[PDB]
Amino acid sequence: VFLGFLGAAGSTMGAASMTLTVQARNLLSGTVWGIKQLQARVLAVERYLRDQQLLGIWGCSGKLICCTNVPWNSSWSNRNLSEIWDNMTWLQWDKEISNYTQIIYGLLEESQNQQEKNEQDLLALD
Amino acid sequence: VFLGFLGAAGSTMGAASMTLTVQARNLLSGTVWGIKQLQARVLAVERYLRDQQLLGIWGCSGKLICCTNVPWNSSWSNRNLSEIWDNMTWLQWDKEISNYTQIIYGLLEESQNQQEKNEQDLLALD
Amino acid sequence: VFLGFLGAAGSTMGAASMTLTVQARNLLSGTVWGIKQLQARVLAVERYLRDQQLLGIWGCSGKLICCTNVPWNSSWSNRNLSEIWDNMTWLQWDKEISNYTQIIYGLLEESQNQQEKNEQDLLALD
Amino acid sequence: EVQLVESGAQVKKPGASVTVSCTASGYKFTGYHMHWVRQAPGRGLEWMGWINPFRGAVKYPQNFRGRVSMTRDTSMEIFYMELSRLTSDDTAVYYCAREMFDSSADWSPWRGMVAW
Amino acid sequence: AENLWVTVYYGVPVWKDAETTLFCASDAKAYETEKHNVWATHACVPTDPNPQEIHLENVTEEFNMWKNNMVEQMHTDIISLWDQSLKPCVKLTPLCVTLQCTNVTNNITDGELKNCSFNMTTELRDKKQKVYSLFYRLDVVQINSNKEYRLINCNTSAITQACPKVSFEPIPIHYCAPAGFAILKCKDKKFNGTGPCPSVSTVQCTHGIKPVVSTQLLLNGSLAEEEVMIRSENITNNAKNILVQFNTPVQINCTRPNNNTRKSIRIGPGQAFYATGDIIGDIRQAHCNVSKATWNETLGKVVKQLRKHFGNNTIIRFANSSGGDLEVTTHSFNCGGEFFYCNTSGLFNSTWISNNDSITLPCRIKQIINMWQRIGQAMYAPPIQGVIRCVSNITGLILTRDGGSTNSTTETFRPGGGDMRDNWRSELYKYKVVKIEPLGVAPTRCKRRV
Amino acid sequence: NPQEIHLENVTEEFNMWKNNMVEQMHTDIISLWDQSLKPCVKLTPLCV
Ligand SMILES: *[C@@H]1O[C@H](CO[C@@H]2O[C@@H](C)[C@@H](O)[C@@H](O)[C@@H]2O)[C@@H](O[C@@H]2O[C@H](CO)[C@@H](O[C@@H]3O[C@H](CO[C@H]4O[C@H](CO)[C@@H](O)[C@H](O)[C@@H]4O[C@@H]4O[C@H](CO)[C@@H](O[C@@H]5O[C@H](CO)[C@H](O)[C@H](O)[C@H]5O)[C@H](O)[C@H]4NC(C)=O)[C@@H](O)[C@H](O[C@H]4O[C@H](CO)[C@@H](O[C@@H]5O[C@H](CO)[C@@H](O[C@@H]6O[C@H](CO)[C@H](O)[C@H](O)[C@H]6O)[C@H](O)[C@H]5NC(C)=O)[C@H](O)[C@@H]4O[C@@H]4O[C@H](CO)[C@@H](O)[C@H](O)[C@H]4NC(C)=O)[C@@H]3O)[C@H](O)[C@H]2NC(C)=O)[C@H](O)[C@H]1NC(C)=O
Ligand SMILES: *[C@@H]1O[C@H](CO)[C@@H](O[C@@H]2O[C@H](CO)[C@@H](O[C@@H]3O[C@H](CO[C@H]4O[C@H](CO)[C@@H](O)[C@H](O[C@H]5O[C@H](CO)[C@@H](O)[C@H](O)[C@@H]5O)[C@@H]4O)[C@@H](O)[C@H](O[C@H]4O[C@H](CO)[C@@H](O)[C@H](O)[C@@H]4O[C@H]4O[C@H](CO)[C@@H](O)[C@H](O)[C@@H]4O)[C@@H]3O)[C@H](O)[C@H]2NC(C)=O)[C@H](O)[C@H]1NC(C)=O
Ligand SMILES: *[C@@H]1O[C@H](CO)[C@@H](O[C@@H]2O[C@H](CO)[C@@H](O[C@@H]3O[C@H](CO[C@H]4O[C@H](CO)[C@@H](O)[C@H](O)[C@@H]4O)[C@@H](O)[C@H](O[C@H]4O[C@H](CO)[C@@H](O)[C@H](O)[C@@H]4O)[C@@H]3O)[C@H](O)[C@H]2NC(C)=O)[C@H](O)[C@H]1NC(C)=O
Ligand SMILES: *[C@@H]1O[C@H](CO)[C@@H](O[C@@H]2O[C@H](CO)[C@@H](O[C@@H]3O[C@H](CO[C@H]4O[C@H](CO)[C@@H](O)[C@H](O)[C@@H]4O)[C@@H](O)[C@H](O[C@H]4O[C@H](CO)[C@@H](O)[C@H](O)[C@@H]4O)[C@@H]3O)[C@H](O)[C@H]2NC(C)=O)[C@H](O)[C@H]1NC(C)=O
Ligand SMILES: *[C@@H]1O[C@H](CO)[C@@H](O[C@@H]2O[C@H](CO)[C@@H](O[C@@H]3O[C@H](CO[C@H]4O[C@H](CO)[C@@H](O)[C@H](O)[C@@H]4O)[C@@H](O)[C@H](O[C@H]4O[C@H](CO)[C@@H](O)[C@H](O)[C@@H]4O)[C@@H]3O)[C@H](O)[C@H]2NC(C)=O)[C@H](O)[C@H]1NC(C)=O
Ligand SMILES: *[C@@H]1O[C@H](CO)[C@@H](O[C@@H]2O[C@H](CO)[C@@H](O)[C@H](O)[C@H]2NC(C)=O)[C@H](O)[C@H]1NC(C)=O
Ligand SMILES: *[C@@H]1O[C@H](CO)[C@@H](O[C@@H]2O[C@H](CO)[C@@H](O)[C@H](O)[C@H]2NC(C)=O)[C@H](O)[C@H]1NC(C)=O
Ligand SMILES: *[C@@H]1O[C@H](CO)[C@@H](O[C@@H]2O[C@H](CO)[C@@H](O)[C@H](O)[C@H]2NC(C)=O)[C@H](O)[C@H]1NC(C)=O
Ligand SMILES: *[C@@H]1O[C@H](CO)[C@@H](O[C@@H]2O[C@H](CO)[C@@H](O)[C@H](O)[C@H]2NC(C)=O)[C@H](O)[C@H]1NC(C)=O
Ligand SMILES: *[C@@H]1O[C@H](CO)[C@@H](O[C@@H]2O[C@H](CO)[C@@H](O)[C@H](O)[C@H]2NC(C)=O)[C@H](O)[C@H]1NC(C)=O
Ligand SMILES: *[C@@H]1O[C@H](CO[C@@H]2O[C@@H](C)[C@@H](O)[C@@H](O)[C@@H]2O)[C@@H](O)[C@H](O)[C@H]1NC(C)=O
Ligand SMILES: *[C@@H]1O[C@H](CO[C@@H]2O[C@@H](C)[C@@H](O)[C@@H](O)[C@@H]2O)[C@@H](O)[C@H](O)[C@H]1NC(C)=O
Ligand SMILES: *[C@@H]1O[C@H](CO[C@@H]2O[C@@H](C)[C@@H](O)[C@@H](O)[C@@H]2O)[C@@H](O)[C@H](O)[C@H]1NC(C)=O
Ligand SMILES: *[C@@H]1O[C@H](CO)[C@@H](O)[C@H](O)[C@H]1NC(C)=O
C-alpha cells in the first residue's frame, strides 16, 4: 500500500512506520527572480544534512530506523506502548516530547557514540 | 594499477569494479561571471547527495559495493553472468537496464529497508 | 565534563577523544551584503561533505571513530603510543604527519574499501 | 614604459624659493612613492624627502626640513617640490625618482629608486 | 597487538590557518534604528543573546594584526556598502555651474563661507531657476564684476548628493565565522599584536565594532589593559605607522555652533537638492575642546611607555603634521552628519625630558567629499540643520616618526595615517581566522574485521 | 500531473489573514514590476 507522500500523517504512529521510505524519499528531490528559487533549494540540503549529522553522530547514520542504548526517563510523557503508537498520531506525539528533545540528543551524541564507539576500540585493540 | 579517472569506461564491467575508488573519489573535488562558477559547484552536491539518499534509503549508505535481498526479474535483460561483466562494458550494460531502473529502486527503498529494518527491531525488541 | 567547542585543543590527544561529539556537532550549525553570508554557509557543506566522502570511501562513514586494516609505516614519525597521545596535543601531532597524509589515504580508499568490500562479495556470493 | 618628466632648468636669485614639477606616466600614479634628490655639481646625492601620492603623505630629512615643500596632483599626475630660502649652496640638479614597488609592498618606501 | 595500524578520527580539535568570506552581526536593537537604512545594518544578522566564548587551555596560537586579512575584508566592505548607499541618491551633476559667490555678511574682522547665487533647473525642462546657496570655501574654487566660482570636484569627478534619510552614524558590527571556521581572540593583557599569544579563546563572532571613519585621532574605540599598549608592525621603520591603544578614554566635545537653515531645491521630477539657507544668528566656527589636564596627563603616560623602546634617559618632542591632504594634515571625522577637520597643532606642540582649563581646536567643515580619494566619483553631503554637537572617547592614535638626523639626541613625532585599514586594525589585533581539519589519522593496535 | 495527496485524519489550522504567502507574493509583483520598468524609456524630458 502506497498512500503517497505524508499519507500516514493522521495515521497512528505505528501505521506511519510503513511510510518512512516515502517521506524520506522526496526529502531532497534530486539576474532576478532566479535568485528566488536558488536560495530555496539550498535550504533543502542545509535542512536535510543537519539530520544526517544528528543521525550520524548517533548510533545510526543508517537511515529509516535505528536503536540506541539510551534509556527512557518517565519524566518524558510516561505512557504505555499502545497509548502512543496505537492511539496517537505522530503530530499528537511530537507535540508532547518537544520539551526534552534537546536533552535527549545530548545523550545519543555524547553518552553513546562518543562513549560506546571508543569501548569498541578498547575491545578491538587486542 | 591506476588508470586515472574513468579509465575503465571501455573496460568490461568486471575490470571496472577495480576503479570505484577512483570515480567516486573525484565526484566532489573538495558580481557577474562569478555567478557562472557558483551555481555550477552547487549542482555537484545536489547531484552527489541524491545518490547518498538512494544509497542510504537502500541497504547500503556504505559506499562502493553493497548487496541486497531483492531478486532479479529475468524480464530485465536475461543474461549469463559472463555475458555481462566479461563481454559488456558498463555503457553497453547501463544502456539496457535503463527501462526498469525506477521499477528496481522501488523495491530496494520500500521492500528492503522500509521492511527489513523493522524486522530487525521485531527481532531486537526482546 | 563538557569543556565546550574545541576545549581539548591544548589537551593531549587522548583527552581530546572525549570531545569528538562536541567538535563534530557544531561543524554544520543547522541584493548586496546578503551575498556576503550566502557564499559563506555554502563552503560549510562543501567543507563538511568532503570528509563524509573521505570517511565514506574508507571503511568508516560511521562518524567519530573507526579502525582500518592499513598498517603504519615507521617512516611516518616512528613514536611510542604514550609519546603521542599522552605527551602530544593534536596540533603538535597533526603538525608532523601532514607529509604522508595523502600517501596514507590512497590506501584507505583503494587498498581497503576498493579491495576489502569486494572480498566481502566473493565471500557472500555463496 | 613609465616616464618621469621634470620641469625646465631655472636661473634664480638667492634668498628666494623655487618649485620643480615632475609629471609621471605609465603606471598607477597614486600607488607609488616619489623621492626628490638634488645632486650638487660633482658632489654626491642629497635625498630631500618623499611623498606618498595617496592623500599626500610626506617625510623629509632634518637637513632639508623647513625648506622643502613636496606635493602631487593626483588629478594631473604631477609631483611638485619646493626648496625655499635658496643659498648658493642650494645650487644643484634636482631629480624625482620612484621606488621599486608600489606602496602596498613591504618596506616601501625604502627599497630603491628606479624611474628617474 | 604491538604493531601499529591506522584509525580515523572525526572531530579532533585540529585547525589550519585559512581565510574565507565572513559575515556581519549588529544586535537586534540597532536593527530597530531603521530610519531608512541608517549607515550599514540592513541584512546584518542578529547577535547571540549569550555571546558564548570558550577559553582554550594549553593553547598557544600565533597572532598577527598587520597581516590579518580580516582588516582587508572589512575595509572593502565599508567601501562597497557606501556606494550602495550612494547609488539611489540624487546626482548633483547639474550643480556643476558657474557660481556668483559673494563673501558672507560679517562686520569685517576677516569668509570661508560664500553666499553663491546661480541658475538652476526645475521639474519643467525649459523653465530655469535663479537660486542661491551657501558653501564652505573648501567646496568651491574660483574660476578666471564680482568673482564667479564652481565646485572643486566638477572638473575631476562626478558628484552625487547623499540621501538625507541615510545616517553616517557608526554602529557596532560583530564579524562572524561559518561552520568549519571560527575566530580566535587573543586575551593576554600586554600584547603587541605580533607573535604568539599566551591566553587563546575562541568565539564565533567578534564584539560590537563601530566602523569609525577618522584620521589622526581614533574615537569611540577599544581601550587597552593595564599599561597602554603600543603596536607597530615595525618601529625601526619610521615609515610604518604606529598604532596606540589607551587604557583610559579622552573626552572631546565637538560642535558646529551654527543654527543652520536648509533649503530644498526642486530639480526634479523626483530630484531635490538640499542647499543651506541662512545661519540663524551668531556666526561661530566649529571647534573641539579637550581637558588640557587629562590631555597633558595622557601625553606623559604615553611618553613613559615610549622610553621602553628608546633609552632610559632621552628627549621626546611632538610636532604637528608635516604635510598632506586636508584629511591627513588635520583630524577628519563626521560629527552629526557634517564632516569636520580640526587643527591639531596645539595638541602636538610639546617636548619631554627624562624627568585648570581646556584646549580648543579650530575645525573646518566640508560637504563635497571624495573620501577614499577615488577620483571620478565624489559625494556631496547635505547640510545638517541647527547647531551640531557630539562627544567622543579618544581611544587611540596613528603616528609617524622622523629620520636619522641627529643620532640618539632626540626623536620627533607627528600625527598621520589616513588609511582606514589601520582604523580597523585597532579592533582586530586580537582576532584571526582558522579552518578546521577534523579528520584525524593516527597509529594504534586496533584493526577492523575480516 | 499536478499530484495531490489527501491527508486522512489530518486536521490543520489555516489562516489566510496571517499567511505569509500573501506578503512573499505581494513583494514579488512589485519587484518584478521595477525590473520591467528599468530597461524602458525615461520620460523625464517630457516634464515640459
Ligand atoms: C545673500 O543672502 C542674503 C540674505 O537673505 C536673507 O536670508 C536668507 C537666508 C533668507 O531668509 C532670505 O529671505 C533673507 O532675505 C540676501 O540678501 C537680502 O536679504 C534681505 C534681508 O531682509 C532681503 O530683503 C527683504 O526682502 C523682503 C521683500 O521686500 C521686497 O518685496 C516686498 C513685497 O513682498 C516689498 O514691500 C518691498 O518694498 C521689497 O521690494 C520692493 O519691490 C518692488 C517690486 O519689485 C519694488 O518696486 C519697484 O520700484 C521701482 C522704482 O523704485 C520701479 O518702479 C520697479 O519697476 C518696481 O518694481 C520696490 O521698490 C521694492 N521696495 C523697495 C523699498 O525697494 C522684505 O520682506 C524685507 O523687508 C521687510 O523688513 C524690513 C525690516 O526688517 C523692512 O524695512 C527695511 O529696513 C531696513 C533696515 O532695517 C532697510 O535697510 C535700509 O535701507 C536704506 C536704503 O533704503 C539704507 O541702505 C539703510 O542704511 C538701510 O538700513 C531696508 O531698506 C528696508 N526695506 C525696504 C524694502 O524698504 C522692509 O520694508 C520690510 O518690512 C516692512 O516694510 C515696510 C516699508 O516698506 C514697513 O512699513 C513695515 O512696517 C515693515 N514691516 C516689518 C515687519 O518690518 C527685506 O527687505 C532681500 O530680499 C535679500 N535678497 C535676496 C535676493 O534674496 C542676498 O541676496 C544673498 N546674496 C546672494 C548673492 O545670493
Ligand atoms: C562617538 O559616540 C558618541 C556616543 O556614541 C556619539 O555621540 C552622538 O553624537 C551624535 C551627533 O554626532 C548625536 O546624534 C543626534 O542626536 C540627537 C539627540 O537625540 C536624542 O534626543 C531626542 C529628543 O530628545 C530623542 O528622541 C533621541 O532618542 C533617539 O535615540 C534613542 C537612543 O539613544 C532611541 O531610543 C530613540 O528611539 C530615538 O531614536 C535621543 O535621546 C538626535 O536628534 C539626532 O537624530 C536626528 O538626526 C538625524 C540626522 O542628523 C536623523 O537621521 C534622525 O532621524 C533624527 O532626526 C530627528 O531629530 C532631529 C533633531 O535632532 C529633527 O531635525 C528631525 O526632524 C527628526 O525628528 C542624532 O541622533 C547623538 O545624540 C550622540 N549620542 C549617541 C549615543 O549616539 C558621537 O557622535 C560618536 N562619534 C563619532 C565620530 O561617531
Ligand atoms: C542666470 O542667467 C541669466 C542669463 O544668462 C543671467 O542674466 C543675464 O546676464 C547678462 C550678462 O550681464 C545680461 O546681459 C546684459 O544685458 C544688457 C542688455 O539687456 C537688455 O535686454 C535684455 C533682454 O535681452 C533685458 O532683459 C534687459 O532689461 C535689457 O533691456 C546689457 O546692458 C549688458 O551689457 C552691457 O552692460 C554690462 C554691465 O551690466 C557691461 O559689462 C557690458 O559690457 C555692456 O556694456 C549685458 O550684456 C542679461 O541681460 C541678463 N539677463 C537675461 C539674459 O535675461 C544671470 O546673471 C544668471 N544668474 C546667475 C548665473 O546666477
Ligand atoms: C623590524 O623588523 C625587522 C625584521 O623584520 C627587525 O630587524 C632586525 O633587527 C636586528 C637589529 O637591527 C637585526 O639583527 C641583527 O642582524 C645580524 C645579521 O643579520 C643577518 O642574519 C639575520 C638572522 O639573524 C637575517 O635575518 C638577516 O637577513 C641577515 O642576513 C646579526 O649578526 C645580529 O646578531 C648579533 O648582533 C646584534 C647587535 O648587532 C645583537 O643584539 C645580537 O645578540 C647578536 O650579537 C642581529 O640579529 C636583524 O637582522 C633584523 N632582522 C631583519 C630580518 O632584517 C627589527 O628589529 C624590527 N623593528 C622593531 C622595532 O622590532
Ligand atoms: C594651526 O595652528 C597654528 C598654531 O595655532 C596656526 O599658526 C598660526 O598662524 C597665524 C597666521 O599666520 C599666525 O598669526 C600671526 O600672528 C601675529 C599676531 O598679531 C598680534 O599678536 C601678538 C600678540 O598677541 C603681537 O605680538 C603682534 O605684534 C600682534 O599684535 C600677526 O603679526 C600676524 O599677522 C600679521 O603679520 C603677517 C606677516 O607675518 C602679515 O602678512 C599679516 O597681514 C599681519 O600683518 C599673524 O596673523 C600665528 O602666529 C601662527 N601661530 C603659530 C604657533 O604658528 C596655523 O595657522 C593653524 N593652521 C590651520 C590650518 O588652522
Ligand atoms: C482514521 O481514523 C479512523 C478511526 O480511528 C480509522 O478507521 C478505522 O480503521 C480500522 C482499520 O481498518 C477499522 O478497524 C476501524 O473500524 C476504523 N474506524 C473508523 C471509525 O473509521 C482510519 O483507518 C484512520 N486512517 C488514518 C489514515 O489515520
Ligand atoms: C579493450 O578490449 C581489448 C579486446 O577485448 C582488450 O585487450 C585484451 O586484453 C586481454 C587481457 O590483457 C588479452 O588477453 C587479450 O589478448 C587482449 N585482446 C586485444 C584484442 O587487445 C583490452 O584490454 C581492453 N581494454 C580496455 C581498457 O577495455
Ligand atoms: C595542560 O597541561 C597541564 C600540564 O601538563 C595539565 O595539568 C596537569 O593535569 C594533570 C591531570 O589533572 C595533573 O595530574 C597534573 O598535575 C597537572 N599539571 C600541571 C602542571 O598543571 C592540564 O590538565 C592541561 N590541560 C589541558 C586542557 O590541556
Ligand atoms: C611582539 O612580541 C612578540 C612576543 O610577544 C615578539 O615575538 C618574538 O619574535 C621573535 C622573532 O623576531 C621570535 O624569535 C621570538 O621567539 C618571539 N618571542 C616570543 C616570546 O614569542 C615580537 O618580536 C614582538 N614584535 C614587536 C614588533 O614588538
Ligand atoms: C564635554 O561635555 C561633557 C557633557 O556635555 C562634560 O561633562 C560634564 O561636565 C560638566 C561641567 O561642564 C559636569 O557638571 C558634568 O557632571 C559632566 N558630565 C559628565 C557626564 O561627565 C565634559 O566635562 C566636557 N568636556 C570638555 C573638555 O569640555
Ligand atoms: C530524569 O527525570 C528527572 C526528574 O525530572 C523532574 O521530575 C519530572 C516528573 C518533571 O517534573 C521534570 O520537569 C522534573 O525536572 C530529572 O531530574 C533528571 O535530570 C532526568 N534525567 C535526564 C537524563 O533527563
Ligand atoms: C517481473 O516481470 C513480469 C513480466 O514482465 C512482462 O514480460 C516481460 C518478458 C517483458 O515483456 C515485460 O515488459 C512484461 O511486462 C512482470 O509482470 C512483473 O511485474 C515483474 N516484476 C517486477 C517486480 O518488476
Ligand atoms: C614506507 O616507507 C618506506 C621508506 O621511506 C624512506 O625512508 C624513510 C625513513 C624516510 O626517509 C622516507 O622519506 C623515505 O622515502 C618507503 O619506501 C615506502 O614507500 C613506504 N610505504 C608506504 C606505503 O608509504
Ligand atoms: C602635565 O602633566 C604633568 C605630570 O606628568 C604635571 O606635573 C604638569 O603640571 C602638567 N603640565 C601641564 C601644563 O598641564
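Structure determination for the deposited model, as stated in its record, used X-ray crystallography, and the stated resolution is 3.50 Å.

For chain D, the name recorded in the PDB entry is IOMA Heavy Chain, with Homo sapiens as its organism.

The name recorded for chain A in the PDB entry is Envelope glycoprotein gp160, from Human immunodeficiency virus 1.

Draft legend 1. Local environment of the overall build of chain A. The number of helices and strands found in chain A is six helices and zero strands. Here the C-alpha atoms of chain A give a radius of gyration of 18 Å, more than 25% beyond the 14 Å that 2.2 N^0.38 yields for 126 residues. If one aligns the C-alpha atoms of chain A with their principal axes, the spans along those axes are about 60 × 40 × 30 Å. By residue count, 36% of the 126 residues in chain A fall in the buried class.

Draft legend 2. Representation of the overall build of chain D. Helix and strand counts for chain D stand at zero helices and eight strands. Against the globule reference of 13 Å for 116 residues, chain D gives a C-alpha radius of gyration of 14 Å, in line with a compact fold. Taken over the C-alpha atoms alone, chain D extends approximately 40 × 25 × 25 Å along its principal axes. Looking at the 116 residues of chain D, the share that counts as buried comes to 42%. Within chain D, contacts between residues separated by at least 24 positions form 46% of all contacts whose residues are at least 6 apart in sequence.

Draft legend 3. Local environment of the pairing of strand β4 (residues 61-64) of chain E. Residues and elements named next belong to chain E. Of the two faces of β4, only one is covered, namely that formed by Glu61 and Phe63; the face formed by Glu62 and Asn64 stays uncovered. As paired elements, β4 and strand β13 (residues 194-197) share four bridges and run antiparallel to each other. Within β13, the residue paired with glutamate 61 across the bridge is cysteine 197.

Draft legend 4. Quick look at the interface of chain E and chain D. Facing 23 residues of chain E, the contacting portion of chain D comprises 14 residues. Summed over both sides, the interface between chain E and chain D buries roughly 1,600 Å², with carbon and sulfur atoms accounting for 50% of that surface. Here chain E and chain D share four salt bridges between them. Here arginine 72 of chain D and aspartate 325 of chain E are joined by a salt bridge, their closest N and O atoms 3.4 Å apart. Seen at the junction of chain E and chain D, the total is seven residue pairs in polar contact. When grouped by side-chain class, the residues that make up the side of chain E that touches chain D number four nonpolar, 12 polar and seven charged.

Draft legend 5. Structural context of the state of the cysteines. Per the counting criterion, the structure on display carries 14 disulfides over all chains. Residue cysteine 60 of chain C pairs covalently with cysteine 66 of chain C via a disulfide, S to S 2.0 Å. One quick way to see it: the torsion about the S-S bond of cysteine 60 of chain C and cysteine 66 of chain C is about -75 degrees, and its sign makes the bridge left-handed. As far as the burial class goes, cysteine 60 of chain C and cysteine 66 of chain C line up, both buried. Here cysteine 22 of chain D pairs with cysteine 96 of chain D through a disulfide, and the sulfurs are 2.0 Å apart. An S-S torsion of about 85 degrees defines the bridge between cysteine 22 of chain D and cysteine 96 of chain D as right-handed. With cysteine 22 of chain D in strand β2 (residues 18-23) and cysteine 96 of chain D in strand β8 (residues 93-98), this residue pair connects regions lying 74 residues apart in the sequence. For the pair formed by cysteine 22 of chain D and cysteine 96 of chain D, the shared burial category is buried. For the unlinked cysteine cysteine 67 of chain A, the closest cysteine sulfur is that of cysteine 66 of chain A, found at 6.7 Å.

Draft legend 6. Focus on the pattern of salt bridges. Under the criterion given, the structure shown has 36 salt bridges over all chains. A salt bridge links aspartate 402 of chain E to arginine 65 of chain D; the shortest N-O distance between them is 3.4 Å. Here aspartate 402 of chain E is found in the loop between β30 (388-400) and β31 (410-415), whereas its partner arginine 65 of chain D is found in the loop between β5 (58-59) and β6 (69-73) on a different chain. Shared partners join several salt bridges into a network, and the residues in it are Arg38, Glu46, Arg67 and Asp90 of chain D.

Draft legend 7. Main features of the interface of chain C and chain E. Taken residue by residue, the interface counts 60 residues in chain C and 51 residues in chain E. Interface area for chain C against chain E, summed over the two sides, is near 4,900 Å², with a carbon-plus-sulfur share of 69%. Three residues, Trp33, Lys36 and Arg47 of chain C, lead the burial of chain C against chain E; their summed loss comes to 16% of the area buried on that side. For the interface between chain C and chain E, the tally reads three salt bridges. For the pair chain C and chain E, the number of links is 15 residue pairs in polar contact. Top contributing element to the side of chain C that touches chain E by residue count: helix α3 (residues 34-57) of chain C, with 11 residues. Grouping the constituent residues of the side of chain C that touches chain E by class yields 37 nonpolar, 16 polar and seven charged. Across five bridges, strand β1 (residues 65-71) of chain C lies against strand β1 (residues 5-9) of chain E in antiparallel orientation. When the sheet's bridge partners are listed, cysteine 66 of chain C is paired in β1 of chain E with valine 8 of chain E.

Draft legend 8. Highlighting the site of ligand 9. Residues and elements named next belong to chain E. What surrounds ligand 9 is the set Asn192, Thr194, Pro196 and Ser232. Within the side chain of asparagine 192, one N or O atom sits 2.3 Å away from an oxygen atom of ligand 9. With respect to ligand 9, the side chain of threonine 194 contributes an N or O atom lying 3.0 Å from a nitrogen atom. Partitioning the shell around ligand 9 into residue classes produces one nonpolar, three polar and no charged.

Draft legend 9. Spotlight on the packing of aromatic side chains. Counted according to the given criterion, the structure contains 29 aromatic pairs over all chains. Here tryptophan 85 of chain C and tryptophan 90 of chain C contribute two aromatic rings whose centre-to-centre distance is 5.6 Å and whose plane-to-plane angle is 85 degrees, an arrangement assigned as edge-to-face. For the residue pair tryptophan 85 of chain C and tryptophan 90 of chain C, the accessibility class agrees, reading buried in each case. Look at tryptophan 295 of chain E and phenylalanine 348 of chain E: their rings are 6.3 Å apart centre to centre, the planes differ by 85 degrees, and that puts the pair in the edge-to-face class. Of this pair, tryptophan 295 of chain E sits in helix α2 (residues 292-306) while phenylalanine 348 of chain E sits in the loop between β25 (338-342) and β26 (350-352); the two residues are 53 residues apart in sequence, bridging distant segments of the chain.

Draft legend 10. Representation of the sheet that holds strand β33 (residues 440-442) of chain E. Taken together, the three strands give an open sheet; going across it, the order is β1(C)-β1(E)-β33(E), and neighbouring strands pair in antiparallel fashion. Edge strands, defined here as strands with exactly one partner in the open sheet, are β1 of chain C together with β33 of chain E. Each adjacent strand pair in this sheet contributes to an overall mean axis angle of 25 degrees, direction not counted. Seen against the sheet, helix α6 (residues 101-124) of chain C touches β1 of chain C together with β1 and β33 of chain E and runs at an angle of roughly 90 degrees to β1 of chain C.

Draft legend 11. Spatial organisation of the arrangement of the chains. In this assembly, eight pairs of chains are in contact, and the pair contributing the most contacts is chains C and E. The two units chain B and chain E never meet; even their closest C-alpha atoms stay 12 Å apart. Between chain C and chain F there is no contact, and the shortest C-alpha to C-alpha distance separating them is 12 Å.

Draft legend 12. A look at the site of ligand 3. All names here are of chain E. Surveying the vicinity of ligand 3 reveals the residues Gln100, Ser117, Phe118 and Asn119. Between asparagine 119 and ligand 3, the recorded distance is 2.3 Å, taken from a side-chain N or O atom to an oxygen atom. For ligand 3, the accessible surface in isolation is 1,100 Å², of which the surrounding protein chains cover 14%. It is strand β7 (residues 113-121) that provides the largest number of residues to the shell around ligand 3, a total of three residues. Counted by class, the shell around ligand 3 contains one nonpolar, three polar and no charged residues.

Draft legend 13. Structural context of the nonpolar core. One finds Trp58, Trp72, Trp90, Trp93 and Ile104 of chain C together with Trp15 of chain E to be the most contacted residues of the largest nonpolar core, which totals 70 residues. When residues in this core are grouped by element, the largest group, six residues, is from α3 of chain C. Counting residues domain by domain, this core receives three or more from each of domain 1 (14-20 + 48-65 + 176-206 + 430-437) and domain 3 (213-257 + 285-419) of chain E. Discounting residues that sit within four places of it in the chain, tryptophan 72 of chain C has contacts with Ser77, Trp93, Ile97 and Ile104 of chain C together with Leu4, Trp5, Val6, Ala442 and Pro443 of chain E. Ranked by size, the runner-up nonpolar core spans 38 residues in total, among them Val212, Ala286, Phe348 and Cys363 of chain E.

Draft legend 14. Unusual backbone geometry, seen in detail. In this chain, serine 108 of chain D is followed by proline 109 of chain D through a cis amide linkage whose omega measures 5 degrees. Mapped onto the secondary structure, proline 109 of chain D falls in the segment after β8. You will see that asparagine 37 of chain E, though not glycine, has its phi angle at about 55 degrees, which is positive. Mapping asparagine 37 of chain E onto the fold places it in the loop between β2 (15-16) and β3 (53-56). A positive phi is found at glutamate 112 of chain E, a non-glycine position, where the angle reads about 60 degrees. Along the chain, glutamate 112 of chain E falls in the loop between β6 (99-103) and β7.

The rules behind the values
- Residues numbered from 1 in each chain as written, not as in the entry; some residues may be left out.
- Chains lettered and ligands numbered in written order.
- Part of a larger assembly, values for the part shown.
- Heavy atoms only, no water.
- Helix = DSSP H or I, 4+ residues; strand = E, 2+ residues; numbered from the N terminus.
- Rg over C-alpha atoms; globule rule 2.2 N^0.38 Å.
- Buried < 20%, exposed > 50% of the residue type's maximum accessible area, 1.4 Å probe, protein only.
- Contact = heavy atoms within 4.5 Å.
- Pairing = 2+ DSSP bridges.
- Buried area = accessible area lost by both parts, 1.4 Å probe.
- Salt bridge = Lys/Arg side-chain N within 4 Å of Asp/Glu carboxyl O.
- Polar contact = N/O pair within 3.5 Å; in protein donor to acceptor, adjacent residues only side chain to side chain.
- Nonpolar A, V, L, I, M, F, W, Y, C, P; charged D, E, K, R; others polar.
- Disulfide = S-S within 2.5 Å.
- Near = heavy atom within 4 Å.
- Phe/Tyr/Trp six-rings, centres within 6.5 Å; stacked < 30°, edge-to-face > 60°.
- Axes fitted to C-alpha atoms, helices over the stretch in contact; angles between N-to-C directions.
- Areas by Shrake-Rupley, 256 points an atom, 1.4 Å probe, with all protein chains shown as cover.
- Core = buried A, V, L, I, M, F, W, Y, C linked by side-chain atoms within 4.5 Å.
- Domains from an automatic or database assignment.

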